[PDB]
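Accompanying notes for the structure given below.
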Amino acid sequence: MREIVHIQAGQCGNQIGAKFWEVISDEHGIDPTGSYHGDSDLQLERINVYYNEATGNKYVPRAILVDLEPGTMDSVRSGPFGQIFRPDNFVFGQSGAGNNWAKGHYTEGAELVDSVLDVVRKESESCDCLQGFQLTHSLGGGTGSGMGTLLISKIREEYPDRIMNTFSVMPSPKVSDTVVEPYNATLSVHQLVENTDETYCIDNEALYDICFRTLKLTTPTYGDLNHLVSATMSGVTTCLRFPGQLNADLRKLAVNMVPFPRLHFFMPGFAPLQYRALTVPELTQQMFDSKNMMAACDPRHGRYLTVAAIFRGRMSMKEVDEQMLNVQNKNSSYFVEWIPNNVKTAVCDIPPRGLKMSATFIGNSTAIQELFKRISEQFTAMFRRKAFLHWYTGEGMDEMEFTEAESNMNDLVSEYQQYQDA
Amino acid sequence: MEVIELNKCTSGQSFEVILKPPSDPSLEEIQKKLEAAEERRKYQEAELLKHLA
Amino acid sequence: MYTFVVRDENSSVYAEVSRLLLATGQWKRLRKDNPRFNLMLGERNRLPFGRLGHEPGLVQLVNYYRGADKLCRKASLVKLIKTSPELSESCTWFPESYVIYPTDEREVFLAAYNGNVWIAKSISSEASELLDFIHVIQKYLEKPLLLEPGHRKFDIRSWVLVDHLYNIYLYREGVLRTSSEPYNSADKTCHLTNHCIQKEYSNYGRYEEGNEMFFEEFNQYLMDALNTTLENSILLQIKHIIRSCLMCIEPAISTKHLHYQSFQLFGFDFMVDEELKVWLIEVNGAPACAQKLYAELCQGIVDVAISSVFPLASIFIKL
Amino acid sequence: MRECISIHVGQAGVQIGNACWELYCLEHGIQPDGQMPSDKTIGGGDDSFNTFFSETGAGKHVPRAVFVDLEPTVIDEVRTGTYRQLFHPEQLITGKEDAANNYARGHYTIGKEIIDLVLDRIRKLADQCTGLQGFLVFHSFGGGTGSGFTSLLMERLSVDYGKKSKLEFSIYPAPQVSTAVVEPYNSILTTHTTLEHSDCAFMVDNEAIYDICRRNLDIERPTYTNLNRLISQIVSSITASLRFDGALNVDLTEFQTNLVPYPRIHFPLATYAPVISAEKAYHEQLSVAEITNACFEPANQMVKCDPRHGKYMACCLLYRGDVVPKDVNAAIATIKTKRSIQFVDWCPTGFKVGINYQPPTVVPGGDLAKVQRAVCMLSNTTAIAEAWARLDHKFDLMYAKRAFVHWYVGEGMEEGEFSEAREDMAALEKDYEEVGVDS
Ligand SMILES: Nc1nc2c(ncn2[C@@H]2O[C@H](COP(=O)(O)OP(=O)(O)OP(=O)(O)O)[C@@H](O)[C@H]2O)c(=O)[nH]1
Ligand SMILES: Nc1nc2c(ncn2[C@@H]2O[C@H](COP(=O)(O)OP(=O)(O)O)[C@@H](O)[C@H]2O)c(=O)[nH]1
Ligand SMILES: COc1ccc([C@H]2[C@@H](C)C(=O)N2c2cc(OC)c(OC)c(OC)c2)cc1O
Ligand SMILES: [Ca+2]
Ligand SMILES: [Ca+2]
Ligand SMILES: [Mg+2]
Ligand SMILES: [Mg+2]
């Protein structure tokens, strides 16, 4: 029954994970009680990808909530859909991780990982056919980043032939907690290159800009940013959650979106960001405008290796293809020619809450290298003076592991550059 | 243009009209290959586990 | 904004059409191998017609007709005329022809061998010297028409455009390519009347400019000197010959119900004898033009062969 | 009488299978419960339809078929659809997880572990056959199951039934319907592995069927159901001579004999006409001449290609409906003089014609109108090689950069099977080059 196990870790990871569940629970007609009151069965046909059934026939998210301190999870619990989650599925320590990758990966997080793997095992073992795992986290803190990557390693060890998928929030000076964010992210990306099959790169720089230069929010809160993230995450998982002419699953996705095993970092796109529904031509233009991208790279600086796009709502499948095909055949400079038919299009009838038309885009572009450069430059600006490193050497790390993580990110960048020029 | 080999029956008929004349791998080999590919997988998995260790 | 690619980099006429297409601001060029194109300007050899018309949402178009080499290789031309019912064996405007291998016809070639001077290319009076060139054999036309003063031979090149609908367009302007050198009889200069043994050995463009005489000029000459016109003495036969050849191959090359569409530019080459009879030399599938024409014509192409299919934001006679 | 066994593999194979069997049941007058009123020999027989149906003492008629998919969801719709009573549960075989559009995963990894069970369930069907001719295998080129599992099964059927004939109906990949970017890979791979194991393969380019559904049924966005119903009309025409009284193409050996002089060049082009919309209010019923003539339009071919620019090796006309030989020869007469129809030097310019007086059956509420006469032409032209050249080129585009190859290697395959497959197809392109063209 192609079940997915969802894991959310750290402050960011749990905040956006929680919103995610709010949104999709509403789309599937589940209320804060886990009770179904929807009007279709398109809501229920694949409900088991994300939800386990209850004794009274209630639906309970296949979700595991993880943190090294309890604050955020207390908030999640006391939030709107807080009580939907399995309470055994809250796994947390007391001490925190101090925005320190080393504490999440090596010291504090090591002490909690096994209890997390216990809840994971308990959720996997009752899966008819488990697809893989979905992790929500940021890369700039300590828990979601250090402990999140540690977790991905353990899961890969225990389930080496399942798919690992992340939604990974990338740090930016614009919207920043601490200065060590580049260190934590460079260390984390290195893990993600070896141990995931698909990673959605969600850049906080982009979310800030869309919030500021577009949504016209002058002082954008984390709730504002998370609302974009929530919409993107719902769009990006539509084809898994709903029945269509496609059977979408994680493995087929990875096979069709990843031509080289290391280049599996995707730029998501969304449209629109209202009483006038958009027309298919507007969806198409907006989706592919840099301004609707959530990774803060401009797609005209690179080339698309692959693209997956869904349109949500009742519209003209013919007009979609016409428009899709049109934007390709207007912009062939920005798609690779050596991968025939590298743009794929689908349609769902059910739109999301509050829109009668929407469109979501998953792009594997070489322009994502811009993001990794941005991080590399920042990492190097400190590391060349070994600034701030004592926080990590004090947990047992050596400079060597840093130099290697740096190196592997720059190699990743070189790889993206090689294919942008082929 | 000649008709030839005409055959009739209750369901229909058949014929041939001319316009101009003219001037294995064994089970064992399969098993071999299907197992030399299990080995490559096993090997890859063993490398993975070594690295994880 | 329409799209196109270019797969013959060094094609004089099409180079000019590419250039002319961008000047409209409505056409973008792509790289040789980008299949998402509206229009190919393909290669001369092994053009992959097999890969055209399988791109969703694209009307596609190419500047060649698959199977047109039937008319453009002399072996095939001869075979096509001797063999095609609509052409008969000797249709009267094609030189007596035989095709011999390095068909072949050697035997039947000799039965009608009892003026017995020939030409075998792809000139002799005695069979041996040519036959020992180890192609096609024709009856060399001994008594041609000469321009005066100069006793100068010449051939005529006419340009034909055929569109995707199979309309046949003859370019208003033709060209005379003269061997502006006096004409002997069996000395090997004037015999090969063209820029193919004169651009090396052969005093270049004497009696007339670059050996090239045009239509107004030649019509006046035909009037003054022969009391006739170009239309009457020569063009009717030419128009008839073009129609007969292209209409012969029509059902084998036509793209009326194909998944891609074609057009192509041909260059027909003729000789007029002294009785004012027109003869077909050969048909060229990728012709060059003539310096002062590569403009009116090149634009004519865009107008009728291209923007007919891809509308934007007469120099031809229909046949 | 001599039995034939049908094997459906993957989503395409299975769904097309559903379409065909439904059709067969409507044509032979068999009901969803497997009852056939007109079969007066209760519980046995050896009429022509018994080639595709066996019987049970309680008068149920049962498809000589096996459905196989690596995931269960498509075959479940069969397990509980309109025709649930037709099949023995054990004829429907499903795995846990599918091949994820990976030939290697369908062939090596997952195939290895379902193949003996499949061959076994097939043996149980062969054992009920007094003189089995062989097999009809339906699958896509592009799926992981349809390519990888099929080539594995075809490798084993050659070993376990070395004397039987094997025929394919294969779905060739088209972008306007496709599901994966690696379909070219899977296509080449499965073609290479399956080539020496099959005797006659009918390719159906989805592009061509989609275009036909658009242009003639005036359907904006054709579904699988539309495509499949049309493909089933064609398959029915082709298989009609095994299930009905007749004298042309009466056994699978005869397909090979009549359509395939060279063993490698065993892909005959199918052309079909007419295709008419059921919501066409006013329709002028077409004539023998008109429909036979339509057999030389590309727009009606199962694979778009241009036969004017190739040579024929065989030509078979199969009419269904109000047709007599006289009108057939008249139409051939007129056509021979308007069209360019070149045969190769070492074969006769001619036609093997076959007629069945029962006109085409259509699904009620379908999208195809009923017609009084119809034809399917099976020719062997070198022009179909165009379709290899397309496929190969796509392969070459991706394989030069090695894109996606790691998914295959990761399953146990070596990069060498790619260059081997491709070399085999280069050889095949060359063969067609000889037979059809002059140096
Ligand atoms: N004509 C037609 N084509 C189909 C149908 N189903 C799938 N296809 C085509 O088949 C190719 C995909 O192959 P599938 O049959 O779906 O794959 P599979 O054999 O189930 O293998 P998996 O990868 O394991 O699912 C694509 O080109 C589809 O367009 C169908 O019902 N009719
Ligand atoms: N978009 C988004 N980013 C966040 C949120 N919370 C924290 N961040 C970012 O995440 C990084 C800090 O990581 P955080 O999750 O707070 O630390 P953790 O508890 O150790 O995992 C910084 O880059 C913050 O900008 C959130 O709710 N939404
Ligand atoms: C060529 O690129 C493709 C990219 C994606 C897919 C399908 C199939 C792998 C699947 O699952 N895809 C998918 C998944 C999607 O989400 C899981 C999705 O949008 C949300 C989508 O939009 C077209 C496609 C098929 C393709 O051929
Ligand atoms: Ca501690
Ligand atoms: Ca019976
Ligand atoms: Mg924080
Ligand atoms: Mg010449």
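Following the order of the structure tokens, chains are lettered A, B, ..., residues in each are numbered from 1, and ligands are numbered from 1.
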Pick out the residues sitting within 10 Å of residue 233 of chain D, and hand them over as an NGL selection string; count only C-alpha atoms, and ignore anything fewer than 5 positions along from it in its own chain.
:D and (19-20 or 23-24 or 228 or 238-239 or 272 or 275 or 360-363 or 368 or 376)
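Selected on chain A by distance to chain C: residues 321, 322, 325, 326, 328, 329, 330, 332, 333, 337, 338 and 340 of chain A (within 9 Å, counting only C-alpha atoms).
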Restricted to N, CA and C atoms, what would the selected residues look like written as a compact mmCIF listing (two decimals), in the first residue's frame?
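Result file follows (part_23.txt):
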```txt
# COMPACT_ATOMS: atom_id res chain seq x y z
N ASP A 321 -1.19 21.54 -21.98
CA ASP A 321 -0.13 21.06 -22.89
C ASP A 321 0.27 22.15 -23.84
N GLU A 322 -0.71 22.84 -24.39
CA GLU A 322 -0.43 23.92 -25.32
C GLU A 322 0.51 24.89 -24.65
N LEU A 325 4.20 23.12 -23.48
CA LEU A 325 4.89 23.08 -24.78
C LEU A 325 5.29 24.49 -25.29
N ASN A 326 4.38 25.46 -25.20
CA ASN A 326 4.71 26.83 -25.57
C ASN A 326 5.88 27.44 -24.80
N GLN A 328 8.28 25.93 -23.16
CA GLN A 328 9.48 25.25 -23.61
C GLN A 328 9.98 25.87 -24.88
N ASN A 329 9.17 25.70 -25.94
CA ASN A 329 9.45 26.23 -27.29
C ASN A 329 9.52 27.76 -27.36
N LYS A 330 9.65 28.42 -26.21
CA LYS A 330 9.94 29.84 -26.17
C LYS A 330 11.24 30.04 -25.42
N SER A 332 13.97 27.45 -25.04
CA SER A 332 14.76 26.24 -25.23
C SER A 332 16.21 26.43 -24.82
N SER A 333 16.57 27.66 -24.49
CA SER A 333 17.93 27.94 -24.03
C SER A 333 18.18 27.37 -22.62
N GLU A 337 18.95 19.55 -24.11
CA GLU A 337 18.44 18.89 -25.31
C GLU A 337 18.81 17.42 -25.30
N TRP A 338 19.73 17.03 -24.43
CA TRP A 338 20.21 15.67 -24.49
C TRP A 338 19.45 14.76 -23.58
N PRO A 340 15.63 13.74 -23.92
CA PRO A 340 14.38 13.99 -24.62
C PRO A 340 13.21 13.91 -23.66
```
Give me the residues within 12 Å of residue 47 of chain B as a short mmCIF file (atom, residue, chain, number, x, y, z; two decimals) with C-alpha atoms, in the first residue's frame, counting only C-alpha atoms and dropping any in the same chain fewer than 6 places off.
```
data_model
loop_
_atom_site.label_atom_id
_atom_site.label_comp_id
_atom_site.auth_asym_id
_atom_site.auth_seq_id
_atom_site.Cartn_x
_atom_site.Cartn_y
_atom_site.Cartn_z
CA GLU A 157 21.50 1.56 7.48
CA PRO A 160 18.94 0.63 2.63
CA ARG B 40 26.96 -7.18 -8.16
CA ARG B 41 24.08 -5.96 -6.07
CA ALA B 53 30.42 1.00 9.73
#
```
Ligand 5: which residues are within 6 Å, counting only C-alpha atoms and all ligand atoms, as a count of residues only?
5
Can you pull out the residues contacting segment 197-214 of chain D? Cut-off 8 Å, using only C-alpha atoms, and skip same-chain residues under 6 positions away; I want them as an NGL selection string.
:D and (154-155 or 158 or 165-177 or 220-222 or 226-227 or 230-231 or 255-256 or 260 or 263 or 266-270 or 275 or 299-304)
If you keep C-alpha atoms, can you produce a file of those selected residues as a PDB file, in the first residue's frame?
```pdb
ATOM      1  CA  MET D 154      10.436 -14.717 -23.404  1.00  0.00           C
ATOM      2  CA  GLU D 155      13.873 -16.116 -22.639  1.00  0.00           C
ATOM      3  CA  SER D 158      11.933 -20.466 -25.638  1.00  0.00           C
ATOM      4  CA  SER D 165       5.509 -19.929 -31.854  1.00  0.00           C
ATOM      5  CA  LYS D 166       5.709 -16.581 -30.071  1.00  0.00           C
ATOM      6  CA  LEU D 167       3.969 -13.413 -31.170  1.00  0.00           C
ATOM      7  CA  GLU D 168       4.127  -9.932 -29.632  1.00  0.00           C
ATOM      8  CA  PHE D 169       1.812  -7.006 -29.419  1.00  0.00           C
ATOM      9  CA  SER D 170       4.096  -4.273 -28.174  1.00  0.00           C
ATOM     10  CA  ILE D 171       3.342  -0.657 -27.173  1.00  0.00           C
ATOM     11  CA  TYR D 172       5.986   1.650 -28.537  1.00  0.00           C
ATOM     12  CA  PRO D 173       6.614   4.799 -26.480  1.00  0.00           C
ATOM     13  CA  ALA D 174       5.211   8.266 -27.251  1.00  0.00           C
ATOM     14  CA  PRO D 175       5.836  11.490 -25.262  1.00  0.00           C
ATOM     15  CA  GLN D 176       2.210  12.690 -25.448  1.00  0.00           C
ATOM     16  CA  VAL D 177       1.215   9.688 -23.324  1.00  0.00           C
ATOM     17  CA  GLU D 220      -9.575  16.403 -27.353  1.00  0.00           C
ATOM     18  CA  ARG D 221      -7.468  14.320 -24.926  1.00  0.00           C
ATOM     19  CA  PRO D 222      -7.789  10.577 -25.596  1.00  0.00           C
ATOM     20  CA  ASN D 226     -10.079   5.118 -26.018  1.00  0.00           C
ATOM     21  CA  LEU D 227      -6.643   4.074 -27.161  1.00  0.00           C
ATOM     22  CA  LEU D 230      -9.093   1.096 -30.817  1.00  0.00           C
ATOM     23  CA  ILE D 231      -6.000  -1.118 -30.321  1.00  0.00           C
ATOM     24  CA  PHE D 255       1.942 -15.392 -39.412  1.00  0.00           C
ATOM     25  CA  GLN D 256       5.634 -16.156 -39.675  1.00  0.00           C
ATOM     26  CA  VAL D 260       8.379 -12.819 -42.189  1.00  0.00           C
ATOM     27  CA  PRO D 263      13.707 -13.950 -38.939  1.00  0.00           C
ATOM     28  CA  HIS D 266       9.704  -9.554 -37.966  1.00  0.00           C
ATOM     29  CA  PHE D 267       7.837  -6.330 -37.316  1.00  0.00           C
ATOM     30  CA  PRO D 268       4.946  -5.931 -39.732  1.00  0.00           C
ATOM     31  CA  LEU D 269       3.270  -2.527 -39.982  1.00  0.00           C
ATOM     32  CA  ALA D 270      -0.486  -2.585 -39.320  1.00  0.00           C
ATOM     33  CA  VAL D 275     -12.384   4.665 -37.638  1.00  0.00           C
ATOM     34  CA  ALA D 299      -2.461   8.738 -40.966  1.00  0.00           C
ATOM     35  CA  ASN D 300      -4.041   5.297 -40.531  1.00  0.00           C
ATOM     36  CA  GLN D 301      -0.881   3.284 -39.759  1.00  0.00           C
ATOM     37  CA  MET D 302      -0.187   1.915 -36.306  1.00  0.00           C
ATOM     38  CA  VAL D 303       3.278   3.410 -36.628  1.00  0.00           C
ATOM     39  CA  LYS D 304       3.797   6.635 -38.512  1.00  0.00           C
TER      40      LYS D 304
END
```
Counting only C-alpha atoms, what is within 12 Å of residue 129 of chain D, bar same-chain residues fewer than 6 positions away, as a PyMOL selection string?
chain D and resi 1-5+46+50-55+64+122-123
Next, write the just-selected residues to a file, as an mmCIF file, in the first residue's frame, keeping N, CA, C and O atoms as the atom set.
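selection_30.cif was written with the following content:
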```cif
data_model
loop_
_atom_site.group_PDB
_atom_site.id
_atom_site.type_symbol
_atom_site.label_atom_id
_atom_site.label_comp_id
_atom_site.auth_asym_id
_atom_site.auth_seq_id
_atom_site.Cartn_x
_atom_site.Cartn_y
_atom_site.Cartn_z
ATOM 1 N N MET D 1 -8.288 -29.409 -33.068
ATOM 2 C CA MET D 1 -8.094 -27.938 -32.865
ATOM 3 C C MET D 1 -6.792 -27.676 -32.093
ATOM 4 O O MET D 1 -6.304 -28.556 -31.377
ATOM 5 N N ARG D 2 -6.253 -26.463 -32.242
ATOM 6 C CA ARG D 2 -4.956 -26.105 -31.693
ATOM 7 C C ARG D 2 -4.933 -24.796 -30.876
ATOM 8 O O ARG D 2 -5.121 -23.699 -31.415
ATOM 9 N N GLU D 3 -4.652 -24.917 -29.582
ATOM 10 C CA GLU D 3 -4.815 -23.790 -28.660
ATOM 11 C C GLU D 3 -3.733 -22.698 -28.745
ATOM 12 O O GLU D 3 -2.591 -22.920 -29.188
ATOM 13 N N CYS D 4 -4.133 -21.511 -28.307
ATOM 14 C CA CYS D 4 -3.235 -20.384 -28.195
ATOM 15 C C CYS D 4 -3.358 -19.793 -26.797
ATOM 16 O O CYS D 4 -4.483 -19.600 -26.290
ATOM 17 N N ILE D 5 -2.210 -19.484 -26.186
ATOM 18 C CA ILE D 5 -2.210 -18.855 -24.862
ATOM 19 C C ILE D 5 -1.766 -17.399 -24.884
ATOM 20 O O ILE D 5 -0.678 -17.068 -25.375
ATOM 21 N N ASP D 46 -14.088 -28.212 -29.850
ATOM 22 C CA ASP D 46 -12.873 -27.886 -30.584
ATOM 23 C C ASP D 46 -13.309 -27.102 -31.822
ATOM 24 O O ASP D 46 -12.774 -27.286 -32.918
ATOM 25 N N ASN D 50 -12.651 -22.154 -29.315
ATOM 26 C CA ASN D 50 -11.957 -22.959 -28.316
ATOM 27 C C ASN D 50 -10.448 -22.822 -28.356
ATOM 28 O O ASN D 50 -9.772 -23.312 -27.456
ATOM 29 N N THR D 51 -9.914 -22.158 -29.381
ATOM 30 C CA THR D 51 -8.493 -21.818 -29.447
ATOM 31 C C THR D 51 -8.140 -20.790 -28.359
ATOM 32 O O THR D 51 -7.005 -20.700 -27.895
ATOM 33 N N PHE D 52 -9.139 -20.013 -27.962
ATOM 34 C CA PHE D 52 -8.938 -18.919 -27.028
ATOM 35 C C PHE D 52 -9.743 -19.148 -25.757
ATOM 36 O O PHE D 52 -9.615 -18.396 -24.784
ATOM 37 N N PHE D 53 -10.584 -20.170 -25.774
ATOM 38 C CA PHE D 53 -11.416 -20.488 -24.630
ATOM 39 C C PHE D 53 -11.437 -21.975 -24.366
ATOM 40 O O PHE D 53 -11.567 -22.793 -25.286
ATOM 41 N N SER D 54 -11.313 -22.323 -23.097
ATOM 42 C CA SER D 54 -11.603 -23.663 -22.656
ATOM 43 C C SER D 54 -12.940 -23.615 -21.929
ATOM 44 O O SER D 54 -13.560 -22.539 -21.777
ATOM 45 N N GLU D 55 -13.434 -24.781 -21.538
ATOM 46 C CA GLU D 55 -14.788 -24.854 -20.989
ATOM 47 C C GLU D 55 -14.782 -25.689 -19.733
ATOM 48 O O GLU D 55 -13.897 -26.515 -19.513
ATOM 49 N N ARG D 64 -7.907 -18.533 -22.279
ATOM 50 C CA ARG D 64 -6.606 -19.197 -22.187
ATOM 51 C C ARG D 64 -5.562 -18.134 -21.985
ATOM 52 O O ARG D 64 -4.646 -17.933 -22.808
ATOM 53 N N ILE D 122 1.493 -20.925 -16.068
ATOM 54 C CA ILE D 122 1.376 -21.053 -17.503
ATOM 55 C C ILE D 122 1.372 -22.535 -17.896
ATOM 56 O O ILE D 122 0.612 -22.953 -18.783
ATOM 57 N N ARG D 123 2.230 -23.321 -17.233
ATOM 58 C CA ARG D 123 2.257 -24.766 -17.400
ATOM 59 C C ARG D 123 0.909 -25.375 -17.110
ATOM 60 O O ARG D 123 0.482 -26.275 -17.805
#
```
At a cut-off of 9 Å, which residues of chain B touch chain D? Count only C-alpha atoms and give the answer as a VMD selection string.
chain B and resid 1 3 7 to 27 30 33 to 42 44
Export, as an mmCIF file, in the first residue's frame, the selected residues with N, CA and C atoms.
```cif
data_model
loop_
_atom_site.group_PDB
_atom_site.id
_atom_site.type_symbol
_atom_site.label_atom_id
_atom_site.label_comp_id
_atom_site.auth_asym_id
_atom_site.auth_seq_id
_atom_site.Cartn_x
_atom_site.Cartn_y
_atom_site.Cartn_z
ATOM 1 N N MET B 1 -3.111 -9.385 -63.672
ATOM 2 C CA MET B 1 -3.636 -9.597 -62.288
ATOM 3 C C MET B 1 -4.345 -10.964 -62.148
ATOM 4 N N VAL B 3 -5.966 -14.207 -59.714
ATOM 5 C CA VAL B 3 -6.435 -14.765 -58.444
ATOM 6 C C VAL B 3 -5.987 -16.212 -58.339
ATOM 7 N N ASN B 7 -10.642 -19.939 -51.240
ATOM 8 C CA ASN B 7 -11.321 -20.808 -50.254
ATOM 9 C C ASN B 7 -12.548 -20.147 -49.694
ATOM 10 N N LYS B 8 -13.690 -20.821 -49.796
ATOM 11 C CA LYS B 8 -14.949 -20.284 -49.283
ATOM 12 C C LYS B 8 -15.422 -21.074 -48.058
ATOM 13 N N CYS B 9 -16.265 -20.447 -47.249
ATOM 14 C CA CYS B 9 -16.929 -21.125 -46.120
ATOM 15 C C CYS B 9 -18.059 -20.199 -45.765
ATOM 16 N N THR B 10 -18.875 -20.632 -44.814
ATOM 17 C CA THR B 10 -20.014 -19.833 -44.368
ATOM 18 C C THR B 10 -19.645 -18.474 -43.739
ATOM 19 N N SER B 11 -18.516 -18.386 -43.034
ATOM 20 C CA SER B 11 -18.079 -17.115 -42.401
ATOM 21 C C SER B 11 -17.486 -16.048 -43.367
ATOM 22 N N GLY B 12 -16.989 -16.477 -44.535
ATOM 23 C CA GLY B 12 -16.291 -15.587 -45.474
ATOM 24 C C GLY B 12 -15.392 -16.367 -46.427
ATOM 25 N N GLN B 13 -14.358 -15.708 -46.949
ATOM 26 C CA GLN B 13 -13.450 -16.361 -47.884
ATOM 27 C C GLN B 13 -12.045 -15.783 -47.894
ATOM 28 N N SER B 14 -11.121 -16.548 -48.479
ATOM 29 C CA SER B 14 -9.687 -16.271 -48.459
ATOM 30 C C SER B 14 -9.207 -16.408 -49.874
ATOM 31 N N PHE B 15 -8.162 -15.689 -50.261
ATOM 32 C CA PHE B 15 -7.571 -15.854 -51.592
ATOM 33 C C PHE B 15 -6.281 -15.052 -51.699
ATOM 34 N N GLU B 16 -5.600 -15.177 -52.820
ATOM 35 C CA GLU B 16 -4.320 -14.553 -52.988
ATOM 36 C C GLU B 16 -4.264 -14.057 -54.429
ATOM 37 N N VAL B 17 -4.140 -12.740 -54.608
ATOM 38 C CA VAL B 17 -4.032 -12.077 -55.927
ATOM 39 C C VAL B 17 -2.609 -11.561 -56.200
ATOM 40 N N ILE B 18 -2.085 -11.867 -57.382
ATOM 41 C CA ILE B 18 -0.698 -11.562 -57.743
ATOM 42 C C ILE B 18 -0.655 -10.552 -58.889
ATOM 43 N N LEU B 19 0.246 -9.578 -58.771
ATOM 44 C CA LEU B 19 0.457 -8.558 -59.806
ATOM 45 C C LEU B 19 1.762 -8.786 -60.564
ATOM 46 N N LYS B 20 2.698 -9.521 -59.956
ATOM 47 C CA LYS B 20 4.021 -9.784 -60.524
ATOM 48 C C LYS B 20 4.828 -10.711 -59.595
ATOM 49 N N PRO B 21 5.461 -11.751 -60.162
ATOM 50 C CA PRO B 21 6.387 -12.629 -59.403
ATOM 51 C C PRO B 21 7.746 -11.945 -59.113
ATOM 52 N N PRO B 22 8.672 -12.637 -58.397
ATOM 53 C CA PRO B 22 10.007 -12.093 -58.112
ATOM 54 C C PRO B 22 11.112 -12.527 -59.088
ATOM 55 N N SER B 23 11.928 -11.576 -59.556
ATOM 56 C CA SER B 23 13.185 -11.909 -60.264
ATOM 57 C C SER B 23 14.299 -12.469 -59.326
ATOM 58 N N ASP B 24 19.908 -21.133 -29.399
ATOM 59 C CA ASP B 24 19.038 -20.524 -28.384
ATOM 60 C C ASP B 24 19.674 -20.698 -27.011
ATOM 61 N N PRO B 25 19.799 -19.592 -26.228
ATOM 62 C CA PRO B 25 20.336 -19.692 -24.840
ATOM 63 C C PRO B 25 19.647 -20.793 -23.980
ATOM 64 N N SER B 26 20.445 -21.502 -23.161
ATOM 65 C CA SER B 26 19.959 -22.575 -22.276
ATOM 66 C C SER B 26 19.555 -22.024 -20.924
ATOM 67 N N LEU B 27 18.915 -22.864 -20.122
ATOM 68 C CA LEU B 27 18.514 -22.457 -18.794
ATOM 69 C C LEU B 27 19.743 -22.092 -17.943
ATOM 70 N N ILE B 30 21.154 -18.598 -18.640
ATOM 71 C CA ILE B 30 20.263 -17.620 -18.026
ATOM 72 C C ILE B 30 20.552 -17.492 -16.525
ATOM 73 N N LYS B 33 23.965 -15.573 -15.806
ATOM 74 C CA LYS B 33 23.760 -14.126 -15.920
ATOM 75 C C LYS B 33 22.813 -13.508 -14.836
ATOM 76 N N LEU B 34 21.730 -14.201 -14.476
ATOM 77 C CA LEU B 34 20.837 -13.704 -13.455
ATOM 78 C C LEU B 34 21.385 -13.770 -12.059
ATOM 79 N N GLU B 35 22.541 -14.406 -11.913
ATOM 80 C CA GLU B 35 23.169 -14.535 -10.611
ATOM 81 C C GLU B 35 24.435 -13.698 -10.566
ATOM 82 N N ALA B 36 25.071 -13.510 -11.720
ATOM 83 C CA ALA B 36 26.179 -12.549 -11.793
ATOM 84 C C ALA B 36 25.713 -11.089 -11.609
ATOM 85 N N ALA B 37 24.419 -10.905 -11.336
ATOM 86 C CA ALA B 37 23.837 -9.603 -11.244
ATOM 87 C C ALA B 37 23.302 -9.483 -9.840
ATOM 88 N N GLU B 38 23.007 -10.615 -9.224
ATOM 89 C CA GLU B 38 22.713 -10.634 -7.808
ATOM 90 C C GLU B 38 24.007 -10.331 -7.029
ATOM 91 N N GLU B 39 25.100 -10.894 -7.507
ATOM 92 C CA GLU B 39 26.394 -10.684 -6.906
ATOM 93 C C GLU B 39 26.840 -9.235 -6.922
ATOM 94 N N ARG B 40 26.577 -8.567 -8.030
ATOM 95 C CA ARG B 40 26.961 -7.178 -8.157
ATOM 96 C C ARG B 40 26.168 -6.308 -7.189
ATOM 97 N N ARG B 41 24.900 -6.632 -7.044
ATOM 98 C CA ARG B 41 24.077 -5.957 -6.070
ATOM 99 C C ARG B 41 24.615 -6.167 -4.683
ATOM 100 N N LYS B 42 24.761 -7.448 -4.285
ATOM 101 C CA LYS B 42 25.274 -7.852 -2.949
ATOM 102 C C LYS B 42 26.585 -7.151 -2.634
ATOM 103 N N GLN B 44 27.610 -4.324 -3.829
ATOM 104 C CA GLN B 44 27.360 -2.897 -3.689
ATOM 105 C C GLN B 44 26.793 -2.645 -2.326
#
```
